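# Structural description and commentary
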Amino acid sequence: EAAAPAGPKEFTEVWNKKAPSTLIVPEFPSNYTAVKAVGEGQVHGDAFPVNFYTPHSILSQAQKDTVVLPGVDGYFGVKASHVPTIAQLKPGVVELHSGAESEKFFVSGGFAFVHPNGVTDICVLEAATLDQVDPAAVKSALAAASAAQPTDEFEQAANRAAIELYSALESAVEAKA
Amino acid sequence: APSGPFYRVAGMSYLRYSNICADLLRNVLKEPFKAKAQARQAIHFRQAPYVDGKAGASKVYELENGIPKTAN
Amino acid sequence: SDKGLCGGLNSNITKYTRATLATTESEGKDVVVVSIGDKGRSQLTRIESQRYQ
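Residues numbered from 1 in each chain as written, not as in the entry; some residues may be left out. Chains lettered and ligands numbered in written order. Part of a larger assembly, values for the part shown. Heavy atoms only, no water.

As stated in the entry header, the method of structure determination is cryo-EM and the reported resolution is 2.9 Å.

The structure is reproduced here in structure tokens:
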């Protein structure tokens, strides 16, 4: 089951069997991360590290005691020593709470990882903050989407993805305080 | 044929599905912010299959409103 | 890169991609070679002509 122990330092010696020595051994994306997953610690009671990430921007690297993530089974909540969870997220609202104050982003859909050391890793593509959404185009966009019933499977996968992002955005723009 | 979610059983990848949900979320922002998110919406590159080491056809991408929603 | 006035960049990883494609295949594997940038195809068919696709 474990018949090939690969790794970054193990790529050093085999590449030192077959490459010219005037090139040094190339670096790896493992070398540029200081936080792993299996190693014990970094929960310290109340606040765990969260990492809300988009491809284009980093939106939080701070510490929260709770995150509310919109999973495909529904809005769950990550407390401090939460179970390790690789959770797919539907279009919904990520609520990062550190106390009374709340930063609530509506996300496009993308995974969230709770790790065996308590660190949460939200990984979405588009993060629309709830105060910058257009409330006049949420209802105009679902109308053509609910009537476009086409004959191809691709747009049927694309229309089903179309209304479910809009419909969870109506319910995320109305009852905000 | 396939087994998986509703995008996977229709011949659509995860990257094509999750960019579509990022495509449609960019459109429903404020125009102070929609024009900013319009910049990362444009796709301009060209790919070319190389069969022999020398030649092949080429396929240019010029889409400004996001990923192709159509079946490719 | 696309443009080629960079000075030891697009051939430096071509030295490294030939050092990796001499490291992995010692067992008869399949390899498809892809380059991004105009200076990648113009220096990968020099070394790897059949697995460039």
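### Side note on the interface of chain B and chain C
On the chain C side, the residues contacting the 6 residues of chain B number 6 residues. Taking both sides of the interface into account, the surface hidden between chain B and chain C amounts to around 470 Å²; carbon and sulfur atoms contribute 39%. For the chain B face of the interface with chain C, the top three residues by lost area are B:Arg46, B:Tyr50 and B:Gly53, together amounting to 87%. Viewed at the interface, chain C and chain B are joined by 1 salt bridge. With its nearest N and O atoms 2.8 Å apart, the salt bridge here joins C:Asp38 to B:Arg46. At the junction of chain B with chain C, the criterion picks out 2 residue pairs in polar contact. Taken together, the residues that form the side of chain B that touches chain C break down as 3 nonpolar, 1 polar and 2 charged. (Contact = heavy atoms within 4.5 Å. Buried area = accessible area lost by both parts, 1.4 Å probe. Salt bridge = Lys/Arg side-chain N within 4 Å of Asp/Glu carboxyl O. Polar contact = N/O pair within 3.5 Å; in protein donor to acceptor, adjacent residues only side chain to side chain. Nonpolar A, V, L, I, M, F, W, Y, C, P; charged D, E, K, R; others polar.)

### Section: the packing of helix α2 (residues 138-147) of chain A against helix α3 (residues 153-170) of chain A
Residues and elements named next belong to chain A. Remark: α2 packs on α3, axes separated minimally by 9 Å, with the N-to-C direction vectors making an angle of 150°. Overall, the two elements α2 and α3 adopt an arrangement that is roughly antiparallel. Between α2 and α3 lies a crossing whose hand is left-handed. Across the interface between the two elements, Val 138, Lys 139, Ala 141, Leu 142, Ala 145 and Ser 146 of α2 pack against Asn 159, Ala 162, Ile 163, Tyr 166, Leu 169 and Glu 170 of α3. Grouping the constituent residues of the contact of α2 with α3 by class yields 8 nonpolar, 2 polar and 2 charged. (Axes fitted to C-alpha atoms, helices over the stretch in contact; angles between N-to-C directions. Helix = DSSP H or I, 4+ residues; strand = E, 2+ residues; numbered from the N terminus. Parallel < 35°, antiparallel > 145°, perpendicular 65-115°, else oblique. Left-handed = near helix turned anticlockwise from the far one by under 90°.)

### Describing the packing of aromatic side chains
Summed over all chains, the structure comprises 12 aromatic pairs over all chains. With 6.5 Å between their ring centres and 5° between their planes, A:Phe111 and A:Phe113 make a pair best called stacked. Given the relative accessible area of 26%, A:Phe111 is considered partly exposed. Here A:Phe113 falls in the partly exposed class, since its relative accessible area comes to 26%. Aromatic side chains B:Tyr50 and C:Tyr52 sit 5.5 Å apart centroid to centroid with 80° between the ring planes, which places their arrangement in the edge-to-face category. With B:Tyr50 in the loop between β1 (45-47) and β2 (59-61) and C:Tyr52 in the segment after α2 (38-44), the pair connects residues from two separate chains. (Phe/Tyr/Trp six-rings, centres within 6.5 Å; stacked < 30°, edge-to-face > 60°. Buried < 20%, exposed > 50% of the residue type's maximum accessible area, 1.4 Å probe, protein only.)

### Considerations on the interface of chain A and chain B
Of the residues lining the interface, 29 residues belong to chain A; the matching set on chain B comes to 26 residues. When the two sides are added together, the surface that chain A and chain B hide from each other amounts to roughly 2400 Å², 65% of it contributed by carbon and sulfur. By the criterion of area lost to chain B, the three top residues of chain A are A:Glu126, A:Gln132 and A:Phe154, representing 29% of everything that side buries. Along the contact surface separating chain A from chain B lie 2 salt bridges. Close ionic contact of B:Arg40 with A:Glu126 constitutes a salt bridge, the shortest N to O distance being 2.9 Å. On the surface where chain A and chain B come into contact, there are 8 residue pairs in polar contact. Of all elements in the fold, only β8 (102-107) and α3 of chain A reach the threshold of two or more residues within the side of chain A that touches chain B.

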